[PDB]
Amino acid sequence: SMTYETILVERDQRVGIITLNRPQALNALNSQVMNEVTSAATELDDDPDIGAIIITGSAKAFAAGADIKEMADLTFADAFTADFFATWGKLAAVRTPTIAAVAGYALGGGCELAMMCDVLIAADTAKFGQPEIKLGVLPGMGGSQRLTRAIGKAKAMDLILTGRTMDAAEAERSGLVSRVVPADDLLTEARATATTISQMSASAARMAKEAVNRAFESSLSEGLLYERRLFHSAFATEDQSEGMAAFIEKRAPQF
Amino acid sequence: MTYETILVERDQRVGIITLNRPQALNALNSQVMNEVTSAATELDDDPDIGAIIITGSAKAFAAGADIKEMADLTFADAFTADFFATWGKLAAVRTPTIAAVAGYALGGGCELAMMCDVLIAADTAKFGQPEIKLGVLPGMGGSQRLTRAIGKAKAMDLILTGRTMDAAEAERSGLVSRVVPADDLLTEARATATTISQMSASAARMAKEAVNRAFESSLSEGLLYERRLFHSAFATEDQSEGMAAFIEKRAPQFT
Amino acid sequence: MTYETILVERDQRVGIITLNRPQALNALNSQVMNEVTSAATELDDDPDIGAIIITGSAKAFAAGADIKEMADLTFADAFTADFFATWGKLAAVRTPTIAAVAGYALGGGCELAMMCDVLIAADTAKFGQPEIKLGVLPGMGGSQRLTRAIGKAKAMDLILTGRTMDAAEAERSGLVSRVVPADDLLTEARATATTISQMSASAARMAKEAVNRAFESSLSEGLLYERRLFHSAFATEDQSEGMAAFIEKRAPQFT
Ligand SMILES: CC(=O)CC(=O)SCCNC(=O)CCNC(=O)[C@H](O)C(C)(C)COP(=O)(O)OP(=O)(O)OC[C@H]1O[C@@H](n2cnc3c(N)ncnc32)[C@H](O)[C@@H]1OP(=O)(O)O
C-alpha cells in the first residue's frame with residue numbers, strides 16, 4: 001500500500017510522482033523521508049505500469065537541508081553501526097528513469113537528492129547548495145562526488161568549502177541541471193518530460209540509463225565496450241523490432 | 001583513392017574527409033564506417049599530413065544511421081560481426097582530428113563528431129541521440145562521450161528523451177570547441193587544421209595522447225603519464241628548436 | 001624561511017603566497033616550485049592557518065614555466081630530476097588553497113592555478129596551454145586538469161592550438177570558481193579565504209579530500225569513501241559544536 005507520513009505519491013499513466021510533504025520543516029530530509037522515498041521509488045520501479053518517476057517538493061523548497069536534530073548527538077559508533085545515509089543508495093539502484101523537479105531550496109541532502117536523479121528540471125527559483133561545512137561536517141549523501149563530477153572542481157570546491165548557493169541560471173550552464181523552466185511551469189514541464197520518457201520502450205530506456213551511468217564507473221575504453229554489448233543485446237528484444245518497424249511505418253510504437 | 005561514400009582532399013599538411021551521401025543526408029552505414037576509417041588511417045600514416053578534418057554538407061554533417069542495417073539484425077549477427085566496433089579505428093588515429101560540423105549531427109553523426117579531438121560547429125549545428133525512440137540505445141559511444149562532455153543531467157535528458165541541442169547550448173555545455181557562422185565553417189576549420197598541422201608532429205601526437213589519458217585512468221595516473229611524455233619530448237629536435245625560437249624571439253622552424 | 005622568488009604573509013588564519021619574479025612575469029622555475037611547495041607545506045602544518053592563497057602580480061599570475069631553464073635540458077636531466085614532480089607536494093597540502101588569478105595564467109601558470117582548490121579570476125585573466133609550439137606539451141598536469149575541467153573538445157582546442165581563453169569563457173566552461181573585477185581580486189580572495197579559514201579546520205580538510213576523490217576512482221568508490229569520512233566527522237568536537245550552534249541559532253565556536 002502507498003500511504004506515507006512524510007511524502008505523497010500519485011500514479012498517473014506510466015508516470016509516478018513522489019512529492020516531499022514536510023511543510024513545517026521546508027521539506028528537510030530526515031531518516032523517515034529517506035526510508036519512505038526509497039520505499040516508494042523501489043515499489044514504482046518494480047511496478048511494470050510505471051516508466052518514469054518524478055521526485056519533487058513544494059514551490060518554496062525541493063528540500064531545504066536535513067533534520068540536524070537527528071544528527072546532532074549521533075556518535076561515530078551509531079554512524080558506523082547504522083551506516084547512516086547508506087539507504088539512499090537504494091534510490092540509485094532504481095532501474096526506471098527518475099526526474100528531479102526542483103523548485104526553491106535544494107540544500108545539503110536536498111541538493112544531493114536532486115543529483116541522484118537521472119534528469120534534473122529546475123524552476124528559475126531553484127537554489128542549490130551544500131552548506132554542511134558550516135555545521136562542522138561535509139556532504140554525506142554523495143555531494144562531494146556528484147557535484148564535482150557535474151560542475152568541475154573549481155565550482156564544487158567553492159560551494160562545498162564556502163557553502164555559497166548557486167541559482168538556477170548558474171546551475172544550468174555549469175552542468176548541474178538538464179533545463180530551467182519558469183516556476184509556475186515546473187510541475188507541468190516535469191510531467192511532460194516524464195511522459196515522453198515513460199512512453200519510451202521500458203527496456204531500451206533502462207539500458208540507456210544504465211549505459212550513461214557507466215560513464216562514471218570505469219575508463220572510457222570499458223564504457224565503450226559495455227555500451228556496445230548492451231546495444232547488441234537490445235536487438236534480442238521485441239521492443240527494438242517494434243520500434244524500428246514503427247519508424248519505417250511512420251507511426252507510434254506499441255510496446 | 002576512389003571512395004563510394006566519401007571524398008578525400010589533401011591541402012599542404014591537412015587532409016579532409018568529406019561525407020558524400022547527399023541522397024541520404026550523410027547518414028552513416030557500414031560502408032561509410034569502413035571508408036572513413038580506411039581513409040583516416042591512410043592519412044594518419046602519411047608523414048606529410050599533420051591534421052585531419054572530417055566534415056559533411058551544409059545541411060547535415062551526418063543526419064543519423066541507416067535504419068535498413070539495423071531493422072532485421074539479431075543479437076547473434078551483431079555479436080559475431082561486433083557491429084560498430086570498426087569505428088574504434090578512428091580513435092586509434094594518432095594525428096589530431098577536427099570535426100567540422102554543420103546542421104544535422106544526429107545519432108551516429110553526433111557520435112562521429114564526439115570521436116574527433118577538436119569540434120568546430122557551424123551556428124546551424126544540431127546535436128542529438130534519438131536511438132531511444134527506435135527502441136535501442138547509442139551504439140557508437142554516445143552514452144560515454146556525451147556524458148563526459150556535458151554532465152549527467154543533460155546527457156540523461158538528451159539520451160532518454162531524444163531532444164536536440166543547438167550549437168550555442170553545445171558550446172556552453174562542453175560538447176564543442178568553438179561556434180562559427182555557417183558560411184565560415186570550412187574556412188575556420190582549415191585555419192585551425194593549418195595551425196595544428198604546422199606544429200611539431202610528434203609534440204601534437206603526444207599532446208593529443210596525453211589529453212586522451214584523462215578519460216582512461218585516475219588523475220594520479222594521468223599526471224604521471226603526462227610528465228613521462230613531457231620528459232620524452234626532450235629527446236626530440238623539435239623541443240630544442242621550439243624553445244630556442246622563444247628565447248631568440250623568432251618563429252620556430254619545425255622539421 | 002627567507003625566499004628569493006616568493007612573498008609569504010600570514011593574517012589571522014589566512015596565509016598568502018605571492019609569486020615574485022616580476023622581471024619574468026612570474027615564470028615558474030625550479031626555485032619557484034621548491035619555494036611555493038615549501039611555503040605551502042609550512043603553512044599546511046601550522047594549526048593557526050586555515051586557508052592558503054596563491055597569487056601573482058596584477059599583470060601575471062604566471063606566464064608559463066621558465067623556458068630558459070628547460071632549453072638547458074636533455075632527456076637525462078629531465079628523467080633523472082623527474083622534472084616538475086615536486087609540484088605534487090602542493091597537491092599533498094591538506095588545507096584548502098585558493099588561486100587568485102590576475103592577467104596571464106599560461107602553461108605552468110594555468111597548471112598551477114588548476115592545482116588549487118578554489119580558483120578566483122579577475123575579469124582581466126587570460127588562460128592558456130601554449131606548450132605545443134615550443135615543441136612540447138603540458139608537463140604540470142594541464143592535459144589532465146584542463147580536460148577534466150572544461151571537457152575534451154575545448155581542452156584539445158586549447159592544447160593543440162595554444163589559443164587563449166578569457167576569464168568569462170573559463171567561468172562558463174568549468175575552469176574558474178568566480179570572476180571578479182581586477183581591482184577587487186585580492187579583496188575578494190581574502191574574503192573567500194577568511195570564510196574558509198573560519199570553518200572547522202577538520203571539516204574543511206575532510207570536505208576538500210572528499211572532493212578530490214571524485215577524480216581518483218569510480219563513483220561507487222567515491223560515494224563510499226565520502227560516507228565513511230562523514231561518519232568519522234561525528235567523532236570530532238567541531239561536528240558537535242557546529243550542529244549545536246545551528247539548533248541554538250547562534251554562532252559556532254570551533255576549537
Ligand atoms: C609545465 C608546463 O606545462 C611547461 C611550461 O608551462 S611551457 C611555458 C610556455 N610559455 C609560453 O609560451 C608563453 C611565455 N610568455 C609569453 O609568451 C609572453 O611573455 C606573454 C604573451 C605572456 C606576454 O609578453 P609581453 O607582455 O610582451 O612581455 P615579455 O617581454 O614577453 O616578458 C617579459 C620578460 O619575462 C620573460 N618571460 C615571459 N614568460 C617566460 C617563461 N614562460 N619562461 C622564462 N622567461 C619568460 C621574457 O623573456 C622577458 O624577459 P627577457 O626579454 O629579458 O628574456
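Per chain, numbering begins at 1; letters A, B, ... match sequence-line order.
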Practice task
Supply the atom-to-atom distance C:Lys208 NZ to A:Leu138 CG, rounded to the nearest 0.5 angstrom.
Solution key: 14.5 Å
Handout entry: Residue pair C:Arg178 / A:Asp158: nearest heavy atoms and the distance that separates them
Key = NE-OD2, 3.1 Å
Practice task
Quick one: pull up CE in C:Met206 and CD1 in A:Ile133 and give me the separation to the nearest 0.5 Å.
Solution key: 10.0 Å
Problem - Enclosure of C:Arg228 CZ (heavy-atom neighbours >12, cutoff 6.0 Å) - result: yes
Fill in the blank from the handout: The reported gap from CD in C:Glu221 to CD in A:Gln145 (rounded to nearest 0.5 angstrom) is 10.5 Å
Handout entry: Leading residue by heavy atom contact count with chain C [cutoff under 4.5 Å; candidates A:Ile68, A:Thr75, A:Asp73, A:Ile151]
Key = A:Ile68
Problem - Residue A:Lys90 excluded, over 12 heavy atoms near NZ under 6.0 Å - result: no
Handout entry: Region of C:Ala210 that comes under 4.5 Å of a non-hydrogen atom in chain A
Key = both
Handout entry: Residue part contacting chain C, namely of A:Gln130, when any heavy atom lies under 4.5 Å
Key = neither
Practice task
Rounded to the nearest 0.5 Å, what's the gap from CG on A:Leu135 to CD on C:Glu241? Could you check?
Solution key: 11.0 Å
Problem - C:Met243 vs A:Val137 side-chain heavy atoms within contact, under 4.5 Å - result: yes
Handout entry: side chain to side chain contact (heavy atoms under 4.5 Å, CB included) assessment of C:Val176 paired with A:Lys155
Key = CA-CA 7 Å; C:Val176 325; A:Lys155 291 200 165 185; over 6 Å; no
Problem - Engaged part of C:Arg213 at the chain A interface, taking heavy atoms whose separation is under 4.5 Å - result: both
Handout entry: Where A:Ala154 and C:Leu175 come nearest, the two heavy atoms and their spacing
Key = CB-O, 3.5 Å
Practice task
Heavy-atom distances under 4.5 Å only: say whether A:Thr162 touches chain C with side chain, backbone, both or neither.
Solution key: both
Handout entry: Interatomic spacing from CD1 in C:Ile196 to CD1 in A:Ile160 - rounded to 0.5 Å
Key = 11.5 Å
Practice task
Give the member of C:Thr195, C:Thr192, C:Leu119, C:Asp117 that has the highest number of heavy-atom pairs under 4.5 Å with chain A.
Solution key: C:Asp117
Practice task
Check whether any side-chain heavy atom of C:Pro96 lies under 4.5 Å from a side-chain heavy atom of A:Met157, and answer yes or no.
Solution key: no
Practice task
Using a cut-off of 6.0 Å, state whether more than 12 heavy atoms not belonging to A:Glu217 lie near its atom CD.
Solution key: yes
Problem - Steps toward side chain to side chain contact (heavy atoms under 4.5 Å, CB included) verdict (A:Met71, C:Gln239) - result: CA-CA 9 Å; A:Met71 293 186 287; C:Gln239 165 276 313; 5.8 Å; no
Handout entry: Interface residue of largest heavy-atom contact number with chain A, from C:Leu223, C:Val118, C:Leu224, under 4.5 Å
Key = C:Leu223
Handout entry: Among the listed options A:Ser218, A:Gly152, A:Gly142, A:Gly89, the residue most often paired with chain C at heavy-atom distances under 4.5 Å
Key = A:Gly142
Problem - Option in C:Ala244, C:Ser232, C:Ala233 with maximal non-hydrogen atom pairs under 4.5 Å from chain A - result: C:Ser232
Handout entry: Pick from C:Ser218, C:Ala214, C:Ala203 with the largest number of heavy-atom pairs that fall under 4.5 Å of chain A
Key = C:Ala214
Practice task
Decide side chain to side chain contact (heavy atoms under 4.5 Å, CB included) for A:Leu74 and C:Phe234; before the verdict, give the C-alpha distance in whole Å, the side-chain angles of both, and the deciding distance to 0.1 Å.
Solution key: CA-CA 7 Å; A:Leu74 207 62; C:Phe234 289 90; 3.9 Å; yes
Problem - side chain to side chain contact (heavy atoms under 4.5 Å, CB included) between A:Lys153 and C:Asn212, worked out - result: CA-CA 8 Å; A:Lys153 188 181 68 167; C:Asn212 277 332; 4.0 Å; yes
Problem - A:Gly136 to C:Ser200 - nearest heavy-atom pair and separation - result: CA-CB, 4.3 Å
Fill in the blank from the handout: The reported gap from CD in A:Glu172 to CZ in C:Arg172 (rounded to nearest 0.5 angstrom) is 12.0 Å
Handout entry: chain A interface, residue from C:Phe230, C:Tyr225, C:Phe215 that has the most non-hydrogen pairs under 4.5 Å
Key = C:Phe230
Exercise for the section: Specify which of A:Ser144, A:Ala79, A:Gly140 makes the most heavy-atom pairs with chain C at under 4.5 Å. Expected result: A:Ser144
Completion exercise
If one checks every heavy atom of A:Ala82 against chain C at 4.5 Å, the contacting part turns out to be neither
Exercise for the section: Compare all side-chain heavy atoms of A:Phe84 with those of C:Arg227 and state whether any distance is below 4.5 angstrom. Expected result: no
